[PDB]
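Here the structure comes first, spelled out in structure tokens, and everything after it is commentary.
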Amino acid sequence: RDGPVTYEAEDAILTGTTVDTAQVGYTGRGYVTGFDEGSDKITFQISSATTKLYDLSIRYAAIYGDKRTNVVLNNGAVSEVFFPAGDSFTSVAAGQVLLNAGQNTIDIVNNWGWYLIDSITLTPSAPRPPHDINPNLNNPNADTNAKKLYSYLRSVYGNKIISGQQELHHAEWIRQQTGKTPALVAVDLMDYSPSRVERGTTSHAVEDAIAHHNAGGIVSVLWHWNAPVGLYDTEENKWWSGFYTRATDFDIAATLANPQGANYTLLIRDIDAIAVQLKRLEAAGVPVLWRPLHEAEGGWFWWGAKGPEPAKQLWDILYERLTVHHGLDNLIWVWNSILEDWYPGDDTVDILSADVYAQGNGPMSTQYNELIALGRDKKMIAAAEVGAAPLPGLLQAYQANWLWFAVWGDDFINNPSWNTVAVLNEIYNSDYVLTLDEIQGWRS
Ligand SMILES: *[C@@H]1O[C@H](CO)[C@@H](O[C@@H]2O[C@H](CO)[C@@H](O)[C@H](O)[C@H]2NC(C)=O)[C@H](O)[C@H]1NC(C)=O
Ligand SMILES: [Ca+2]
Ligand SMILES: [Hg+2]
């Protein structure tokens with residue numbers, strides 16, 4: 001079945017090369033030689049049922065001293081493999097290879113040349129161990145629907161990916177193009193920030209969340225926290241950009257070092273103003289995937305401008321004020337920084353997340369594995385913000401077991417350069433991608 005498969009060099013497409021039997025230790029009929037000109041190669045024709053990730057090994061004889069080789073997957077970029085000795089036939093690890101459902105090619109092209117190739121062995125990459133996900137939320141007093149949401153997420157983890165979108169009107173536009181609706185909708189508490197309210201900002205974020213909760217959906221809430229003070233309010237740096245380090249002189253380290261000041265008083269004014277909106281959601285029975293202090297490690301937001309320690313301390317202020325003081329039990333705490341120095345701690349983080357903005361609709365494998373290492377597989381990993389919706393074929397192949405994905409709004413989801421309607425349909429109509437339809441009755 002799904003195991004090591006050797007492909008003998010003799011039984012392949014030879015371009016300016018020949019089959020030989022002089023050297024000792026080969027497998028099969030013989031081996032391939034005649035690596036003079038640059039155009040000389042071995043084109044192996046391999047096929048797969050689905051799109052999988054295989055490990056590559058080359059069986060070579062470097063009798064003309066140590067040489068270098070070019071490996072080509074489906075007429076793509078070269079990959080130099082070094083052959084160190086050699087007196088006999090031995091094997092080298094040539095990294096990983098992603099094969100697409102159907103016909104594929106693995107060429108061994110003359111680089112330095114003057115070597116003998118016996119065979120190539122493709123082994124399907126190691127299946128990931130079952131995730132050791134924590135069964136319960138950090139808050140012991142967690143309400144019914146938060147406890148339900150966490151269990152449902154825990155049950156689907158590694159099996160499927162929950163589709164998600166930033167803003168309800170964008171979730172409706174997806175239904176207009178794919179006939180499917182994101183299971184998860186993310187809303188921003190941004191226009192609830194007193195600093196912004198003071199300048200006339202209104203928000204329907206609580207209205208949109210409850211609407212989607214009534215449609216049987218999952219709700220994610222982030223907060224673009226506009227600093228209470230320090231607003232430059234310049235033509236270049238307007239008050240409405242007040243969440244940016246660039247737009248405020250607001251020093252969180254100073255503010256936390258002086259807890260009896262006015263700066264710290266206004267900070268709690270802001271947390272309590274937002275707590276009014278969350279309590280309003282709690283009373284409405286809406287479980288929330290609460291994601292405050294997002295992209296902290298980046299430092300482009302005032303809450304991560306003074307480095308990791310003030311950021312972590314603020315996370316714990318929010319956790320004490322919202323969980324203990326305001327007594328909010330509908331919140332599932334989602335951390336949004338990859339770095340260990342920035343990680344607050346396992347006792348205040350329920351689910352780990354990342355914001356990845358790279359074109360191509362890839363599995364964002366590297367970021368997923370970084371968080372696997374961070375939460376040591378005890379916490380679920382989510383793609384809290386993506387620019388490009390991930391393809392389920394690649395998510396599965398690279399075993400990038402993201403719990404959910406949430407494509408950002410304007411200039412991303414509706415931007416053909418990031419997401420085409422074609423790719424959207426492909427993703428939204430997959431048996432791997434859970435839509436609104438498919439998640440119905442999760443609260444039962
Ligand atoms: C309260 O916060 C404000 C905003 O960060 C602080 O005011 C700024 O202070 C710096 C010096 O530390 C000045 O360069 C700015 O011009 C001030 N801005 C304004 C609009 O006044 C204020 O100092 C903080 N209070 C404390 C005790 O640190
Ligand atoms: Ca052979
Ligand atoms: Hg609106």
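Here's how to read the names in the structure tokens: chain A, B, ... by the order shown, residue numbers from 1 in each chain, ligand numbers from 1 in the order shown.
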Problem set entry | Within 12 Å of ligand 3, counting only C-alpha atoms and all ligand atoms, residues as a PyMOL selection string | chain A and resi 167-170+187-188+191+201-208
Those residues you just picked out, can you put them in a file as a PDB file, in the first residue's frame with N, CA, C and O atoms?
```
ATOM      1  N   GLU A 167     -16.042  40.170   8.433  1.00  0.00           N
ATOM      2  CA  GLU A 167     -17.245  40.958   8.146  1.00  0.00           C
ATOM      3  C   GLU A 167     -18.344  40.129   7.501  1.00  0.00           C
ATOM      4  O   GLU A 167     -18.087  39.313   6.613  1.00  0.00           O
ATOM      5  N   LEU A 168     -19.578  40.353   7.984  1.00  0.00           N
ATOM      6  CA  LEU A 168     -20.812  39.684   7.581  1.00  0.00           C
ATOM      7  C   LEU A 168     -21.217  39.972   6.156  1.00  0.00           C
ATOM      8  O   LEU A 168     -21.716  39.069   5.491  1.00  0.00           O
ATOM      9  N   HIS A 169     -21.010  41.200   5.670  1.00  0.00           N
ATOM     10  CA  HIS A 169     -21.377  41.529   4.292  1.00  0.00           C
ATOM     11  C   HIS A 169     -20.499  40.786   3.272  1.00  0.00           C
ATOM     12  O   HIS A 169     -20.966  40.464   2.174  1.00  0.00           O
ATOM     13  N   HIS A 170     -19.245  40.477   3.662  1.00  0.00           N
ATOM     14  CA  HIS A 170     -18.309  39.718   2.837  1.00  0.00           C
ATOM     15  C   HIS A 170     -18.698  38.250   2.843  1.00  0.00           C
ATOM     16  O   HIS A 170     -18.563  37.585   1.816  1.00  0.00           O
ATOM     17  N   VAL A 187     -15.758  39.741  13.635  1.00  0.00           N
ATOM     18  CA  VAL A 187     -16.146  41.155  13.787  1.00  0.00           C
ATOM     19  C   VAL A 187     -15.088  41.889  14.612  1.00  0.00           C
ATOM     20  O   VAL A 187     -14.404  41.271  15.435  1.00  0.00           O
ATOM     21  N   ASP A 188     -14.964  43.209  14.385  1.00  0.00           N
ATOM     22  CA  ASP A 188     -13.991  44.087  15.038  1.00  0.00           C
ATOM     23  C   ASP A 188     -14.646  45.029  16.038  1.00  0.00           C
ATOM     24  O   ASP A 188     -15.512  45.819  15.645  1.00  0.00           O
ATOM     25  N   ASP A 191     -14.655  50.371  16.486  1.00  0.00           N
ATOM     26  CA  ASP A 191     -15.466  51.588  16.661  1.00  0.00           C
ATOM     27  C   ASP A 191     -16.189  51.675  18.033  1.00  0.00           C
ATOM     28  O   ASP A 191     -16.992  52.584  18.242  1.00  0.00           O
ATOM     29  N   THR A 201     -17.572  57.726  16.135  1.00  0.00           N
ATOM     30  CA  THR A 201     -17.671  56.380  15.545  1.00  0.00           C
ATOM     31  C   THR A 201     -18.733  55.524  16.199  1.00  0.00           C
ATOM     32  O   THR A 201     -18.789  55.425  17.423  1.00  0.00           O
ATOM     33  N   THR A 202     -19.527  54.857  15.356  1.00  0.00           N
ATOM     34  CA  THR A 202     -20.588  53.913  15.720  1.00  0.00           C
ATOM     35  C   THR A 202     -20.221  52.525  15.185  1.00  0.00           C
ATOM     36  O   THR A 202     -19.537  52.410  14.158  1.00  0.00           O
ATOM     37  N   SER A 203     -20.680  51.476  15.876  1.00  0.00           N
ATOM     38  CA  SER A 203     -20.404  50.095  15.491  1.00  0.00           C
ATOM     39  C   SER A 203     -21.627  49.195  15.595  1.00  0.00           C
ATOM     40  O   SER A 203     -22.386  49.281  16.562  1.00  0.00           O
ATOM     41  N   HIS A 204     -21.789  48.305  14.600  1.00  0.00           N
ATOM     42  CA  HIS A 204     -22.846  47.294  14.543  1.00  0.00           C
ATOM     43  C   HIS A 204     -22.255  45.879  14.704  1.00  0.00           C
ATOM     44  O   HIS A 204     -22.911  44.887  14.386  1.00  0.00           O
ATOM     45  N   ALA A 205     -21.019  45.798  15.248  1.00  0.00           N
ATOM     46  CA  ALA A 205     -20.273  44.562  15.472  1.00  0.00           C
ATOM     47  C   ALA A 205     -21.000  43.570  16.370  1.00  0.00           C
ATOM     48  O   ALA A 205     -20.887  42.368  16.155  1.00  0.00           O
ATOM     49  N   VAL A 206     -21.753  44.059  17.360  1.00  0.00           N
ATOM     50  CA  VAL A 206     -22.526  43.194  18.259  1.00  0.00           C
ATOM     51  C   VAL A 206     -23.768  42.667  17.501  1.00  0.00           C
ATOM     52  O   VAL A 206     -24.113  41.489  17.616  1.00  0.00           O
ATOM     53  N   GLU A 207     -24.370  43.527  16.668  1.00  0.00           N
ATOM     54  CA  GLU A 207     -25.532  43.209  15.837  1.00  0.00           C
ATOM     55  C   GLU A 207     -25.175  42.106  14.825  1.00  0.00           C
ATOM     56  O   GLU A 207     -25.864  41.081  14.764  1.00  0.00           O
ATOM     57  N   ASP A 208     -24.069  42.296  14.082  1.00  0.00           N
ATOM     58  CA  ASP A 208     -23.549  41.343  13.097  1.00  0.00           C
ATOM     59  C   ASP A 208     -23.192  39.985  13.722  1.00  0.00           C
ATOM     60  O   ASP A 208     -23.503  38.952  13.133  1.00  0.00           O
TER      61      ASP A 208
END
```
Surroundings of ligand 1 up to 6 Å, based on only C-alpha atoms and all ligand atoms, as a compact mmCIF listing (two decimals) with N, CA and C atoms, in the first residue's frame:
```txt
# COMPACT_ATOMS: atom_id res chain seq x y z
N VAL A 229 -5.03 57.83 24.69
CA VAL A 229 -4.24 59.07 24.68
C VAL A 229 -3.02 58.99 23.73
N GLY A 230 -2.40 60.14 23.44
CA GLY A 230 -1.21 60.25 22.59
C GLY A 230 -1.42 60.42 21.10
N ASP A 249 1.80 58.47 20.63
CA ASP A 249 2.99 58.50 21.49
C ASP A 249 2.75 57.62 22.72
N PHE A 250 1.53 57.02 22.82
CA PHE A 250 1.10 56.15 23.91
C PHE A 250 2.08 55.02 24.18
N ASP A 251 2.69 55.07 25.38
CA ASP A 251 3.71 54.14 25.88
C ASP A 251 3.06 53.23 26.89
N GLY A 261 -1.66 56.14 37.79
CA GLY A 261 -1.75 57.31 36.91
C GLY A 261 -3.07 57.45 36.17
N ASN A 263 -3.11 57.66 32.62
CA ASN A 263 -2.86 56.80 31.46
C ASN A 263 -3.49 55.40 31.72
```
Problem set entry | Residue nearest residue 337 in chain A - candidates A:321, A:304, A:388, A:364, atoms counted: only C-alpha atoms |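 That would be A:304, the residue with the smallest distance to residue 337 in chain A.
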For this session: Determine, counting only C-alpha atoms, which protein, DNA and RNA residues have an atom within 10 Å of an atom of residue 44 in chain A; residues of the same chain fewer than 4 positions away are not included. Present the result as a list in words.
Result: residues 7, 8, 9, 10, 11, 12, 13, 14, 73, 104, 105, 106, 107, 108, 119 and 120 of chain A
Using C-alpha atoms, can you write the selected residues to a file as a short mmCIF file (atom, residue, chain, number, x, y, z; two decimals), in the first residue's frame?
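The file below, selection.cif, is the result:
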```
data_model
loop_
_atom_site.label_atom_id
_atom_site.label_comp_id
_atom_site.auth_asym_id
_atom_site.auth_seq_id
_atom_site.Cartn_x
_atom_site.Cartn_y
_atom_site.Cartn_z
CA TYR A 7 11.97 3.47 -9.37
CA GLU A 8 14.89 1.82 -11.23
CA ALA A 9 16.94 4.26 -13.37
CA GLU A 10 17.20 1.73 -16.26
CA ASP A 11 13.36 1.71 -16.44
CA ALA A 12 13.05 5.49 -17.17
CA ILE A 13 13.32 8.11 -20.00
CA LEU A 14 17.01 8.47 -20.93
CA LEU A 73 10.06 18.25 -10.05
CA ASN A 104 4.36 13.74 -12.54
CA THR A 105 8.09 13.87 -13.47
CA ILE A 106 11.30 13.71 -11.41
CA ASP A 107 14.32 14.51 -13.61
CA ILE A 108 17.91 13.88 -12.55
CA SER A 119 17.31 4.21 -8.62
CA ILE A 120 15.06 6.79 -6.77
#
```
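Residues with any atom within 8 Å of residue 137 in chain A, counting only C-alpha atoms and excluding same-chain neighbours fewer than 5 positions away, are residues 142, 147, 150, 332 and 350 of chain A.
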If you keep N, CA, C and O atoms, can you produce a file of those selected residues as an mmCIF file, in the first residue's frame?
```
data_model
loop_
_atom_site.group_PDB
_atom_site.id
_atom_site.type_symbol
_atom_site.label_atom_id
_atom_site.label_comp_id
_atom_site.auth_asym_id
_atom_site.auth_seq_id
_atom_site.Cartn_x
_atom_site.Cartn_y
_atom_site.Cartn_z
ATOM 1 N N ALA A 142 -16.518 28.689 32.643
ATOM 2 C CA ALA A 142 -16.933 28.875 31.244
ATOM 3 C C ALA A 142 -18.390 28.481 31.023
ATOM 4 O O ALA A 142 -18.813 27.421 31.485
ATOM 5 N N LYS A 147 -18.196 26.213 26.230
ATOM 6 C CA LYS A 147 -17.849 24.814 26.508
ATOM 7 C C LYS A 147 -18.249 23.916 25.322
ATOM 8 O O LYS A 147 -17.521 22.984 24.986
ATOM 9 N N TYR A 150 -15.863 25.009 22.155
ATOM 10 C CA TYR A 150 -14.550 24.400 22.364
ATOM 11 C C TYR A 150 -14.547 22.900 22.053
ATOM 12 O O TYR A 150 -13.628 22.430 21.384
ATOM 13 N N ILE A 332 -13.308 32.553 24.651
ATOM 14 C CA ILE A 332 -12.286 31.559 24.315
ATOM 15 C C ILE A 332 -11.106 32.410 23.857
ATOM 16 O O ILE A 332 -11.212 33.107 22.847
ATOM 17 N N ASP A 350 -6.141 29.691 25.072
ATOM 18 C CA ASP A 350 -6.913 28.480 24.802
ATOM 19 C C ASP A 350 -6.558 27.892 23.433
ATOM 20 O O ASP A 350 -6.368 26.674 23.298
#
```
Residues near range 400-405 of chain A, anyone? I mean within 7 Å using only C-alpha atoms, not counting same-chain ones fewer than 6 positions away, as a PDB file with N, CA and C atoms, in the first residue's frame.
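Done, and the output landed in part-v1.pdb:
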```pdb
ATOM      1  N   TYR A 157     -10.914  19.201  14.840  1.00  0.00           N
ATOM      2  CA  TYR A 157      -9.489  19.465  14.678  1.00  0.00           C
ATOM      3  C   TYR A 157      -8.701  18.298  14.073  1.00  0.00           C
ATOM      4  N   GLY A 158      -8.046  18.596  12.957  1.00  0.00           N
ATOM      5  CA  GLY A 158      -7.269  17.640  12.182  1.00  0.00           C
ATOM      6  C   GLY A 158      -8.112  16.903  11.156  1.00  0.00           C
ATOM      7  N   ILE A 161     -11.325  21.750   8.066  1.00  0.00           N
ATOM      8  CA  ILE A 161     -11.003  23.158   8.298  1.00  0.00           C
ATOM      9  C   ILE A 161     -12.307  23.957   8.249  1.00  0.00           C
ATOM     10  N   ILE A 162     -12.564  24.757   9.298  1.00  0.00           N
ATOM     11  CA  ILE A 162     -13.750  25.608   9.324  1.00  0.00           C
ATOM     12  C   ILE A 162     -13.469  26.858   8.475  1.00  0.00           C
ATOM     13  N   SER A 163     -14.317  27.145   7.472  1.00  0.00           N
ATOM     14  CA  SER A 163     -14.180  28.364   6.661  1.00  0.00           C
ATOM     15  C   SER A 163     -14.612  29.579   7.512  1.00  0.00           C
ATOM     16  N   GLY A 164     -13.990  30.713   7.254  1.00  0.00           N
ATOM     17  CA  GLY A 164     -14.257  31.937   7.984  1.00  0.00           C
ATOM     18  C   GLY A 164     -14.008  33.150   7.132  1.00  0.00           C
ATOM     19  N   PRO A 363      -0.715  26.223   1.962  1.00  0.00           N
ATOM     20  CA  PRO A 363      -1.130  25.709   3.275  1.00  0.00           C
ATOM     21  C   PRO A 363      -0.556  26.454   4.475  1.00  0.00           C
ATOM     22  N   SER A 365       2.304  26.170   5.789  1.00  0.00           N
ATOM     23  CA  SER A 365       2.908  25.071   6.533  1.00  0.00           C
ATOM     24  C   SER A 365       3.880  25.516   7.634  1.00  0.00           C
ATOM     25  N   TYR A 368       2.210  27.084  10.731  1.00  0.00           N
ATOM     26  CA  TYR A 368       1.466  26.052  11.454  1.00  0.00           C
ATOM     27  C   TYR A 368       2.392  25.235  12.382  1.00  0.00           C
ATOM     28  N   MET A 380      -4.983  24.038  20.043  1.00  0.00           N
ATOM     29  CA  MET A 380      -5.373  24.098  18.626  1.00  0.00           C
ATOM     30  C   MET A 380      -4.778  25.340  17.958  1.00  0.00           C
ATOM     31  N   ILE A 381      -4.519  25.253  16.648  1.00  0.00           N
ATOM     32  CA  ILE A 381      -3.890  26.304  15.837  1.00  0.00           C
ATOM     33  C   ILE A 381      -4.886  26.790  14.793  1.00  0.00           C
ATOM     34  N   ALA A 382      -5.057  28.122  14.660  1.00  0.00           N
ATOM     35  CA  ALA A 382      -5.965  28.731  13.679  1.00  0.00           C
ATOM     36  C   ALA A 382      -5.282  29.764  12.795  1.00  0.00           C
ATOM     37  N   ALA A 383      -5.748  29.890  11.552  1.00  0.00           N
ATOM     38  CA  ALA A 383      -5.257  30.914  10.624  1.00  0.00           C
ATOM     39  C   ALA A 383      -6.280  32.054  10.804  1.00  0.00           C
ATOM     40  N   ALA A 384      -6.076  32.873  11.866  1.00  0.00           N
ATOM     41  CA  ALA A 384      -6.987  33.954  12.265  1.00  0.00           C
ATOM     42  C   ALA A 384      -7.228  34.988  11.172  1.00  0.00           C
ATOM     43  N   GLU A 385      -6.204  35.301  10.382  1.00  0.00           N
ATOM     44  CA  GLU A 385      -6.335  36.199   9.241  1.00  0.00           C
ATOM     45  C   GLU A 385      -5.462  35.671   8.122  1.00  0.00           C
ATOM     46  N   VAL A 386      -6.063  35.482   6.952  1.00  0.00           N
ATOM     47  CA  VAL A 386      -5.332  35.093   5.749  1.00  0.00           C
ATOM     48  C   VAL A 386      -5.668  36.105   4.670  1.00  0.00           C
TER      49      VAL A 386
END
```
For this session: Write as a list in words the residues around ligand 2, taking 10 Å as the cut-off and counting only C-alpha atoms and all ligand atoms.
Result: residues 6, 7, 8, 9, 10, 11, 19, 20, 21, 25, 26, 27, 28, 29, 30, 31, 32, 59, 60, 116, 117, 118, 119 and 120 of chain A
Output N, CA and C atoms for every residue in that selection, as a PDB file, in the first residue's frame.
```
ATOM      1  N   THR A   6      10.551   2.012  -5.044  1.00  0.00           N
ATOM      2  CA  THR A   6      11.797   2.234  -5.765  1.00  0.00           C
ATOM      3  C   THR A   6      11.500   2.308  -7.249  1.00  0.00           C
ATOM      4  N   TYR A   7      12.131   3.259  -7.935  1.00  0.00           N
ATOM      5  CA  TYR A   7      11.972   3.466  -9.370  1.00  0.00           C
ATOM      6  C   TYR A   7      13.358   3.294  -9.953  1.00  0.00           C
ATOM      7  N   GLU A   8      13.591   2.163 -10.642  1.00  0.00           N
ATOM      8  CA  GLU A   8      14.893   1.820 -11.228  1.00  0.00           C
ATOM      9  C   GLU A   8      15.231   2.737 -12.374  1.00  0.00           C
ATOM     10  N   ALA A   9      16.459   3.310 -12.357  1.00  0.00           N
ATOM     11  CA  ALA A   9      16.943   4.257 -13.367  1.00  0.00           C
ATOM     12  C   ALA A   9      16.909   3.722 -14.787  1.00  0.00           C
ATOM     13  N   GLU A  10      17.215   2.423 -14.966  1.00  0.00           N
ATOM     14  CA  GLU A  10      17.197   1.735 -16.259  1.00  0.00           C
ATOM     15  C   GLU A  10      15.811   1.812 -16.900  1.00  0.00           C
ATOM     16  N   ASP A  11      14.768   1.671 -16.060  1.00  0.00           N
ATOM     17  CA  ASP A  11      13.356   1.707 -16.440  1.00  0.00           C
ATOM     18  C   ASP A  11      12.810   3.147 -16.341  1.00  0.00           C
ATOM     19  N   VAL A  19      22.337   2.723 -20.384  1.00  0.00           N
ATOM     20  CA  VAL A  19      22.232   1.729 -19.308  1.00  0.00           C
ATOM     21  C   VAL A  19      23.557   0.947 -19.243  1.00  0.00           C
ATOM     22  N   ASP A  20      24.059   0.685 -18.020  1.00  0.00           N
ATOM     23  CA  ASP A  20      25.289  -0.085 -17.798  1.00  0.00           C
ATOM     24  C   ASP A  20      25.152  -1.086 -16.637  1.00  0.00           C
ATOM     25  N   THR A  21      26.051  -2.091 -16.592  1.00  0.00           N
ATOM     26  CA  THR A  21      26.042  -3.166 -15.593  1.00  0.00           C
ATOM     27  C   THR A  21      27.427  -3.474 -14.971  1.00  0.00           C
ATOM     28  N   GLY A  25      26.771  -3.720  -6.873  1.00  0.00           N
ATOM     29  CA  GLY A  25      25.877  -3.309  -5.794  1.00  0.00           C
ATOM     30  C   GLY A  25      24.543  -2.712  -6.195  1.00  0.00           C
ATOM     31  N   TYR A  26      24.287  -2.570  -7.515  1.00  0.00           N
ATOM     32  CA  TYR A  26      23.045  -1.988  -8.019  1.00  0.00           C
ATOM     33  C   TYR A  26      21.834  -2.885  -7.770  1.00  0.00           C
ATOM     34  N   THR A  27      20.634  -2.306  -7.921  1.00  0.00           N
ATOM     35  CA  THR A  27      19.347  -2.982  -7.780  1.00  0.00           C
ATOM     36  C   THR A  27      18.705  -3.055  -9.171  1.00  0.00           C
ATOM     37  N   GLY A  28      17.818  -4.023  -9.373  1.00  0.00           N
ATOM     38  CA  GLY A  28      17.151  -4.213 -10.653  1.00  0.00           C
ATOM     39  C   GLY A  28      18.061  -4.765 -11.728  1.00  0.00           C
ATOM     40  N   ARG A  29      17.878  -4.278 -12.963  1.00  0.00           N
ATOM     41  CA  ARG A  29      18.620  -4.664 -14.169  1.00  0.00           C
ATOM     42  C   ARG A  29      20.052  -4.098 -14.199  1.00  0.00           C
ATOM     43  N   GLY A  30      20.210  -2.819 -13.860  1.00  0.00           N
ATOM     44  CA  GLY A  30      21.500  -2.143 -13.871  1.00  0.00           C
ATOM     45  C   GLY A  30      21.484  -0.763 -13.252  1.00  0.00           C
ATOM     46  N   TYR A  31      22.021   0.226 -13.995  1.00  0.00           N
ATOM     47  CA  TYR A  31      22.128   1.640 -13.626  1.00  0.00           C
ATOM     48  C   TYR A  31      22.302   2.502 -14.882  1.00  0.00           C
ATOM     49  N   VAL A  32      22.212   3.835 -14.726  1.00  0.00           N
ATOM     50  CA  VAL A  32      22.341   4.785 -15.838  1.00  0.00           C
ATOM     51  C   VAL A  32      23.647   5.603 -15.734  1.00  0.00           C
ATOM     52  N   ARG A  59      19.735   6.650  -5.170  1.00  0.00           N
ATOM     53  CA  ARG A  59      20.762   5.611  -5.066  1.00  0.00           C
ATOM     54  C   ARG A  59      21.798   5.902  -6.160  1.00  0.00           C
ATOM     55  N   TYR A  60      22.975   6.378  -5.736  1.00  0.00           N
ATOM     56  CA  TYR A  60      24.055   6.825  -6.617  1.00  0.00           C
ATOM     57  C   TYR A  60      25.404   6.127  -6.346  1.00  0.00           C
ATOM     58  N   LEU A 116      26.877   7.606 -11.434  1.00  0.00           N
ATOM     59  CA  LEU A 116      26.015   6.488 -11.823  1.00  0.00           C
ATOM     60  C   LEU A 116      24.801   6.506 -10.924  1.00  0.00           C
ATOM     61  N   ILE A 117      23.601   6.510 -11.516  1.00  0.00           N
ATOM     62  CA  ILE A 117      22.349   6.477 -10.751  1.00  0.00           C
ATOM     63  C   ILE A 117      21.665   5.113 -10.931  1.00  0.00           C
ATOM     64  N   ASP A 118      21.490   4.415  -9.808  1.00  0.00           N
ATOM     65  CA  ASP A 118      20.846   3.114  -9.724  1.00  0.00           C
ATOM     66  C   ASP A 118      19.321   3.281  -9.781  1.00  0.00           C
ATOM     67  N   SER A 119      18.749   4.014  -8.796  1.00  0.00           N
ATOM     68  CA  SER A 119      17.314   4.210  -8.619  1.00  0.00           C
ATOM     69  C   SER A 119      16.972   5.440  -7.742  1.00  0.00           C
ATOM     70  N   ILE A 120      15.653   5.747  -7.631  1.00  0.00           N
ATOM     71  CA  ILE A 120      15.061   6.790  -6.773  1.00  0.00           C
ATOM     72  C   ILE A 120      13.901   6.176  -5.992  1.00  0.00           C
TER      73      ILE A 120
END
```
Exercise. Just how far from CA of residue 378 in chain A is CA of residue 134 in chain A, in Å to one decimal?
Worked result: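 So the two atoms, CA of residue 134 in chain A and CA of residue 378 in chain A, lie 5.5 Å apart.
Distances from A:85, A:351, A:371, A:423 to residue 64 in chain A were compared using only C-alpha atoms, and the smallest one belongs to A:85.
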Exercise. Could you write out, as a PyMOL selection string, all the residues of range 330-410 of chain A that DSSP marks as strand (DSSP E or B)?
Worked result: chain A and resi 331-335+351-356+380-386+404-407
Quick one: write out the picked residues with C-alpha atoms as a compact mmCIF listing (two decimals), in the first residue's frame?
```
# COMPACT_ATOMS: atom_id res chain seq x y z
CA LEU A 331 -14.76 34.01 25.94
CA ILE A 332 -12.29 31.56 24.32
CA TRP A 333 -8.87 33.29 24.40
CA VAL A 334 -7.01 33.28 21.06
CA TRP A 335 -3.30 34.41 21.05
CA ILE A 351 -6.22 28.43 21.02
CA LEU A 352 -3.12 29.70 19.15
CA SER A 353 -3.32 31.71 15.92
CA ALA A 354 -1.38 33.56 13.21
CA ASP A 355 -2.08 36.20 10.55
CA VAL A 356 -0.51 35.07 7.24
CA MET A 380 -5.37 24.10 18.63
CA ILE A 381 -3.89 26.30 15.84
CA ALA A 382 -5.96 28.73 13.68
CA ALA A 383 -5.26 30.91 10.62
CA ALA A 384 -6.99 33.95 12.26
CA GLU A 385 -6.34 36.20 9.24
CA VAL A 386 -5.33 35.09 5.75
CA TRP A 404 -10.08 27.55 10.83
CA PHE A 405 -9.18 30.23 8.24
CA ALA A 406 -10.57 33.78 8.02
CA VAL A 407 -9.84 35.65 4.79
```
Exercise. If you run DSSP on the backbone, which residues of range 144-195 of chain A are alpha helix (DSSP H), as number ranges by chain?
Worked result: A: 144-156, 168-178, 194-195
Problem set entry | For residue 273 in chain A: contacts at 8 Å, only C-alpha atoms, fewer than 3 positions along chain excluded, given as an NGL selection string | :A and (192-194 or 269-270 or 276-277)
Mind writing the picked residues with N, CA and C atoms as a compact mmCIF listing (two decimals), in the first residue's frame?
```txt
# COMPACT_ATOMS: atom_id res chain seq x y z
N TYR A 192 -15.86 50.77 18.97
CA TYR A 192 -16.39 50.80 20.34
C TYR A 192 -15.34 51.44 21.28
N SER A 193 -14.11 51.68 20.76
CA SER A 193 -13.00 52.28 21.50
C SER A 193 -13.35 53.73 21.84
N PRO A 194 -13.43 54.10 23.16
CA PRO A 194 -13.80 55.48 23.55
C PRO A 194 -13.10 56.59 22.78
N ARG A 269 -10.68 52.21 31.36
CA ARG A 269 -11.92 52.81 30.84
C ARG A 269 -12.29 52.10 29.53
N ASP A 270 -11.28 51.96 28.63
CA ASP A 270 -11.32 51.29 27.33
C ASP A 270 -11.73 49.81 27.43
N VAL A 276 -18.62 45.99 27.97
CA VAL A 276 -20.06 46.26 27.85
C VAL A 276 -20.57 45.52 26.61
N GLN A 277 -19.80 45.60 25.51
CA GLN A 277 -20.13 44.94 24.25
C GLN A 277 -20.05 43.41 24.32
```
Problem set entry | Distance query residue 178 in chain A at most 9 Å, only C-alpha atoms, self and fewer than 3 positions along chain excluded, as a ChimeraX atom specification | /A:173-175,181,421-422,424-426,428-429
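Among the candidates A:358, A:133, A:197, A:227, the residue lying nearest to residue 151 in chain A is A:133 (atoms considered: only C-alpha atoms).
Each of A:86, A:259, A:327, A:102 was checked against residue 74 in chain A using only C-alpha atoms; the smallest atom-to-atom distance is that of A:102.
Note that CA of residue 224 in chain A and CA of residue 253 in chain A are 18.8 Å apart.
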Exercise. Interatomic distance between CA of residue 301 in chain A and CA of residue 244 in chain A?
Worked result: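 Computing it gives 4.4 Å between the two atoms.
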Exercise. Using only C-alpha atoms, which residue out of A:65, A:34, A:124, A:299 lies closest to residue 53 in chain A?
Worked result: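 Using only C-alpha atoms, the shortest distance to residue 53 in chain A belongs to A:124.
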